[PDB]
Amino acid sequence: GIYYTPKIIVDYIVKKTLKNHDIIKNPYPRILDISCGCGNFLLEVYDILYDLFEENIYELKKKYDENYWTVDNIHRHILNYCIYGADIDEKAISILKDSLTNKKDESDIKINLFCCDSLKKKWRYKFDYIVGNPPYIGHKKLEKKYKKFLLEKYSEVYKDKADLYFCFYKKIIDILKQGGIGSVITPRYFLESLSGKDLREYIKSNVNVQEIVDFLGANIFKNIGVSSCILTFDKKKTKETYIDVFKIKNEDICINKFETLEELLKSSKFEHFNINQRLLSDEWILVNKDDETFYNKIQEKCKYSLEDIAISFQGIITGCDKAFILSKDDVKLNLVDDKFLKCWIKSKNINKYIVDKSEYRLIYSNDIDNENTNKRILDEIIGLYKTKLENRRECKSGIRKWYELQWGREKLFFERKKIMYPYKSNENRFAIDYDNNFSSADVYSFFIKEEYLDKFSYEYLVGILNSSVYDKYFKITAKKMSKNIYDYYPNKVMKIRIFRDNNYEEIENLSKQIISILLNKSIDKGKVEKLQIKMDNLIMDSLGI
């Protein structure tokens, strides 16, 4: 339950908040970490503070009580008035308390360390500087009892599929003094995710965001599957409302390339650009001026979105895939009438323009009438996981029989010509499905509304959607998940805007040629790339880029 932040990032965050502190004007700064753990941040704050006081001790001695401000009194003063920490783990607090004590009985100095839940603690005062690494807990791994508390007391940032660290953002902002500075490392996902919409609004309207370090899919925490960003903000009265954005260019770099993080940021491994916080909509589009010009051209030229012209839906959620999904060669399928069987694909089966031939079958068990008529299927296939099946939420509530699919959707949505795409991918892969394929939630589908079929064909749509232009276009606002993986979910895929002009026929014709080649047995992969290049030129010509 305790995660170790890399030292190069801790030093950067502590320096970010304290490097320009005027210790003469305010020799009582309150520095807080509300998830301090063992004190990765607070111990470094101690060292920075100690040098700051020691470097100015005689100036403080002259300006203030000359008996109080001595080098020998620095350690006591830091612990009494300057360093504050909170963590739920008692053992970590005890270790940090010993570590702070061992930085030097005389007078039994008091240390402002609290073992508590920072989201429930009544904070008696606000703080000049707040730093640290909050806990990240998603909607599956959070207790339902605790979530009721969060939904009630943190509703301005926490709803639906929000994360626990959203609330720490709210708590940090709320207990930050006017003119204070906060700097934390959190997941990057709130920058683009649908769940983070309210959190983005709360940050934008309550603090000035100084800097965003976006590591994208880089691995900052060793052996942890998370993507990180560093956010620095203040409550200073400033007319300037511009954010420094540092976005990594190579996700493969090692974080320890230089002695300091700021060396990495200034280097060629990162790009820098500014964003006007006042121009932020509910979406934070953090791109350089070239990409902004590119993105704005496409938005203005395209009169339709996919949502306007298409019906989107998520795939089947069986609730226990091992109970319902069988290899097409499994002998147990001889027990299942073919009326119950559906072709089943995974995200890896989706290529550009076409789906691989399916290798698995789904037992659409919702069409099994009662347990007596098809007892063999229930006893020998589905019943092998009956205990696990009965634990699904809708089985416990009686909504579903123990052998039904949890979310079987509508068969008629899948048994038609449609476009499918993987839910997580390195690139745009939109395919026309000709084979009535079913899939889990790792594959999304849509079909074109009847009233738009004479304006857009499936062949035209996969042509532009798979183009290099739309790959770049979608990734500008897409949710970056891990190294070389973006989310392709309807909440952003359906916002993709599309156009229709004089190039429609040739684009559609090029797409049909690609599909014809791809579906060949003696598939000529080489010519497909040439046709794709020609299509990209038409699309770039159409959009004037």
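In this text, rigid core is short for the largest set of C-alphas that superpose within 1.5 Å between two forms. Quick note: we count residues from 1 along the sequence shown, nothing fancier.
K.L.:
Please work out whether 186-194 or 254-262 has the higher root mean square C-alpha deviation in 8 other deposited structures of this protein relative to the shown form, with the rigid core as fitting region?
P.N.:
Once the cores are fitted, 254-262 deviates more in 8 other deposited structures of this protein.
K.L.:
Which stretch is more displaced from the shown form in 8 other deposited structures of this protein, 367-375 or 465-473, with RMS over structures and residues of Cα positions after a rigid core fit?
P.N.:
Clearly, after the core fit, the stretch farther away in 8 other deposited structures of this protein is 367-375.
K.L.:
Going by the PDB record, how many residues of the deposited sequence fall between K289 and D290 without any coordinates: none, 1 to 3, 4 to 9, or 10 or more?
P.N.:
None; the chain is continuous from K289 to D290.
K.L.:
May I ask you to compare 515-523 and 498-506 by their mean CA B factor in the entry and name the higher one?
P.N.:
Between 498-506 and 515-523, it is 515-523 that shows the higher mean C-alpha B-factor.
K.L.:
Highest mean C-alpha temperature factor of the two stretches 435-443 and 129-137, which is it?
P.N.:
Between 435-443 and 129-137, it is 129-137 that shows the higher mean C-alpha B-factor.
K.L.:
Sort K346, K171, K104, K418 by C-alpha B-factor from the entry and give me just the highest.
P.N.:
It is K104.
K.L.:
Going by the entry, which of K297, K235, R409, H272 has the most elevated CA B factor?
P.N.:
Among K297, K235, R409, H272, the PDB entry lists the largest C-alpha B-factor for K235.
K.L.:
If you rank the chain by CA B-factor, which third does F340 end up in: lowest, middle or highest?
P.N.:
It belongs to the highest third of the chain when residues are ordered by C-alpha B-factor.
K.L.:
When the modelled residues of the chain are sorted by Cα temperature factor, does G383 land in the lowest, middle or highest third?
P.N.:
Within its chain, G383 is a highest-third residue by C-alpha B-factor, going by the deposited values.
K.L.:
According to the PDB entry, is the CA B factor of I2 in the bottom, middle or top third of its chain, that is, lowest, middle or highest?
P.N.:
Answer is highest: the recorded C-alpha B-factor places it there.
K.L.:
Lowest, middle or highest third: where is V14 by C-alpha B factor in its chain?
P.N.:
Middle third of the chain for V14's C-alpha B-factor.
K.L.:
Going by the recorded CA B-factors, say which third of the chain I464 sits in, lowest, middle or highest.
P.N.:
Bottom third by C-alpha B-factor.
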